[PDB]
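Two forms, one chain: they're shown below as structure tokens, one block per form, named structure 1 and structure 2.
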Structure 1
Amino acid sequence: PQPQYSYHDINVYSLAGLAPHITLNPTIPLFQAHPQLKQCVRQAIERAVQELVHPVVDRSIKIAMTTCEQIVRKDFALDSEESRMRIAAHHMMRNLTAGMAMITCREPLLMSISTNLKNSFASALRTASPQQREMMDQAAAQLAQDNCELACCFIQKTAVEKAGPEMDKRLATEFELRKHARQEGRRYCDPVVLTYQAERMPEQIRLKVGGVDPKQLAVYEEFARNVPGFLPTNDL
């Protein structure tokens, strides 16, 4: 399965960013007999996102926060340029936060979208025939399957946009160490890491004092290029 949406297709500012992307299959039988039920589809999808966006964002960021912090501090302990460290941290933090938001919301979204559509359909028909209830269940299941990826991308991007400042807060002291060292006219080097690399690591895989080789940055560049749930920004 390929993702339909690139990261810049979905406007997160408001829930109204969903409406231009809602897939509404025209062969759904419930709408063949009751076209007036098309209208409550948007509010049900918006409602299902509204009740899950905040809890998923907080959990997805919480899970990826410590992991990205510790691995980035470790990888850039002998790099005096907080510019590279901050860019790499965001590439990984957004990538892992988007992944954890995907795992967390895909199943509850299918459930929530289906449930909200069933209640909106039932409140519009009130007393419904068991034949009409089969229509509402099939429509709710079809619409949830057809819009789960959109709602998932909305929550993912929301979590990604919030991970920016959160990752900066976690790396505040690491940024200040490199900024304070530059003002004293010297590069920053973690003393514990510098000792270990110099004393215990083999030459071919040792961390280099003079920054990091740009070709070894391929990992963090891939984090920004290939985000789970979205189309890759470029090829290769």
Structure 2
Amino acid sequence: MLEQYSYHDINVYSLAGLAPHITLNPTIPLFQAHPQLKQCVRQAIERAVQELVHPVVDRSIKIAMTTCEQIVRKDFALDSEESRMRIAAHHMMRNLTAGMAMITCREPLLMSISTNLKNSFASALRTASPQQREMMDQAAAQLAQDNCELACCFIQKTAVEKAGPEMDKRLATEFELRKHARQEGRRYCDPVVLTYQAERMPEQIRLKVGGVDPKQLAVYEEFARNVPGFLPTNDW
């Protein structure tokens, strides 16, 4: 309910995408006393995102990759079509990557955005009153909290955009199993899974040989509809 950004509300082509969404609480005591210090805020957030986005993106894709590859290969083992698999993998990977990205970056973003502001504020004002430094620390903590969702979203979307093509590359061999089989006039079916499903799995929940039924794809559609951190999609 509390998500305030949709996936398209934020342009991640450059750090300029962050600028229109920065929120500056006017009641902040450091801002009442020094209204000019509001200028320092934009660069502080851009710097924080700039320094964290690539390692967060790399780490999130790496974690999600293995999990998504294993589960998708498992679910689609009796599916000779590549298309259903590729789409489902696309949606699952983008979703779990977005989730890992959110978990990975939010606390570091808080620490980084605060630090950058405390430094900017201390730099702009060479004076260091014990009361003013309390205002500076307070302002920096507040601003960080108020802008973390925006920054996080920027990094998540960066991660999601890169995740898709990485998943395609990972599933190359799976796409090649099915391509190679079709050009031999046969449908691909994982022999181990084929045997297991036929012998061990109760009919009601058994994987079907060939395509998967549309109703069963519901979980994969939800990955597409509902991405963590974003408003869901609408029609010694």
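Note that the rigid core is defined as the largest set of C-alphas that superpose within 1.5 Å between two forms. When a residue number appears, read it as a position in the sequence of structure 1, where counting begins at 1.
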item	value
Comparing forms between the two structures after core superposition, the one residue of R182, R59, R42, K208 displaced by 2 Å or more at CA	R182
Core superposition result - C-alpha of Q145, shift between the two structures, Å	0.7
Rigid-core-fitted C-alpha displacement of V193 between the two structures (angstrom)	1.1
Core-aligned Cα shift of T127 between the two structures, given in Å	2.4
